[PDB]
Trainee: 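Just passing along the structure, written as structure tokens.
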Amino acid sequence: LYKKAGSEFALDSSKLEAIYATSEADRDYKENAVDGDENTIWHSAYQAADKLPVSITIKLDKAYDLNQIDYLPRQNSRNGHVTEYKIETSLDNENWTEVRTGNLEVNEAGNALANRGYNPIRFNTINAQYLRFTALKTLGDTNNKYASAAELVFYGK
Ligand SMILES: OC[C@H]1O[C@@H](O)[C@H](O)[C@@H](O)[C@H]1O
Ligand SMILES: [Ca+2]
């Protein structure tokens with residue numbers, strides 16, 4: 001059911017701009033989520049009072065008919081691995097359509113995602129220039145408090 005990175009429908013990261021996130025920690029800025037770089041991450045704030053849900057909004061250079069994104073978890077640490085998510089899209093960054101929710105498989109020990117690479121998330125084709133990705137449950141030294149993402153990969157035309 002899933003496309004892979006080499007699909008003709010995979011959008012280049014240059015077509016993406018992170019325009020908002022609930023919070024950002026350290027130098028793990030929102031833009032790091034869509035820079036095509038597996039080594040950089042967006043990470044939400046992780047002070048004692050910080051908690052879920054958190055979200056990040058990606059703006060595309062124009063509207064696309066989207067039907068998949070891949071979530072790439074942090075490569076060097078499980079901190080912020082997203083295990084339950086929501087996807088919303090819009091044409092105007094104001095009026096959102098709820099596209100889907102879902103879960104990502106966790107490893108046996110329950111400390112990291114089972115798939116440490118690109119985790120595909122499919123959905124019925126929807127025309128969108130903005131996508132809001134919300135982390136509802138996450139893993140970490142403390143679970144369910146902060147989220148991270150190394151990449152979000154978009155598929156559409
Ligand atoms: O407490 C959460 C923090 O833990 C650190 O070990 C990590 O480098 C940070 O990115 C953040 O995840
Ligand atoms: Ca990155």
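Start at 1 and go down the list; that is how both ligands and their atoms are numbered. Index from 1, following the sequence. As a basis for the values below, the full set of heavy atoms in this structure was taken, side chains included, without hydrogen atoms, waters or symmetry mates.
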Trainee: When hydrophobic residues are tied together by side-chain contacts of less than 4.5 Å, even through go-betweens, does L11 share a cluster with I87?
Mentor: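 Cluster IDs for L11 and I87 match.
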Trainee: If you have a sec, work out which protein heavy atom is nearest atom 12 (O) of ligand 1 and how many Å separate them, to one decimal?
Mentor: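 Ranked first by proximity to atom 12 (O) of ligand 1 is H43 NE2, 2.7 Å.
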Trainee: Please note down the angle at the Ca ion (ligand 2) between O of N32 and O of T40, to the nearest 10°.
Mentor: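 It comes to 100°.
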Trainee: Have a look at ligand 1 and work out which part of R74, if any, has a heavy atom under 4.0 Å from it: side chain, backbone, both or neither.
Mentor: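 The part of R74 near ligand 1 is the side chain, not the backbone.
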Trainee: Run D26 and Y46 through side chain to side chain donor-acceptor pair (under 3.5 Å) and show every step you take.
Mentor: CA-CA 10 Å; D26 305 327; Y46 55 87; 2.7 Å; yes
Trainee: Could you tell me whether the Ca ion (ligand 2) has an N, O or S atom of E38 under 3.0 Å away?
Mentor: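 For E38, the answer is no, given that no N, O or S atom comes within less than 3.0 Å of the Ca ion (ligand 2).
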Trainee: Within 3.0 Å of the Ca ion (ligand 2), is there any N, O or S atom belonging to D35?
Mentor: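 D35 does place an N, O or S atom closer than 3.0 Å to the Ca ion (ligand 2).
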Trainee: Quick one: look up the protein heavy atom nearest atom 5 (C) of ligand 1 and list residue, atom name and how far away it is.
Mentor: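 Nearest neighbour among protein heavy atoms for atom 5 (C) of ligand 1, to 0.1 Å: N79 ND2, 3.7 Å.
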Trainee: Look at the aromatic rings of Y71 and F133 and report parallel, tilted or perpendicular, splitting at 30° and 60°.
Mentor: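 Parallel.
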Trainee: Checking a contact table here: which protein heavy atom is nearest atom 1 (O) of ligand 1, and how many Å away?
Mentor: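 The answer is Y46 CD1, 3.6 Å.
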Trainee: Looking only at N, O or S atoms in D37, which is nearest to the Ca ion (ligand 2)?
Mentor: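 When I compare the N, O and S atoms of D37, O is nearest to the Ca ion (ligand 2).
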Trainee: If we only consider heavy atoms of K145, is any one of them less than 4.0 Å away from an atom in ligand 1?
Mentor: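 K145: no contact with ligand 1 (<4.0 Å).
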Trainee: Treat each ILVMFWY residue as a node, draw an edge where side-chain heavy atoms are under 4.5 Å apart, and state whether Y146 and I41 are in one component.
Mentor: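 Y146 and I41: separate clusters.
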Trainee: In terms of hydrophobic clusters joined by side-chain contacts under 4.5 Å, are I126 and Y130 together?
Mentor: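 Each belongs to a different hydrophobic cluster.
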Trainee: Tell me whether the Ca ion (ligand 2) has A150 as a neighbour, meaning an N, O or S atom of it below 3.0 Å.
Mentor: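 Checking the Ca ion (ligand 2) against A150, an N, O or S atom does fall under 3.0 Å.
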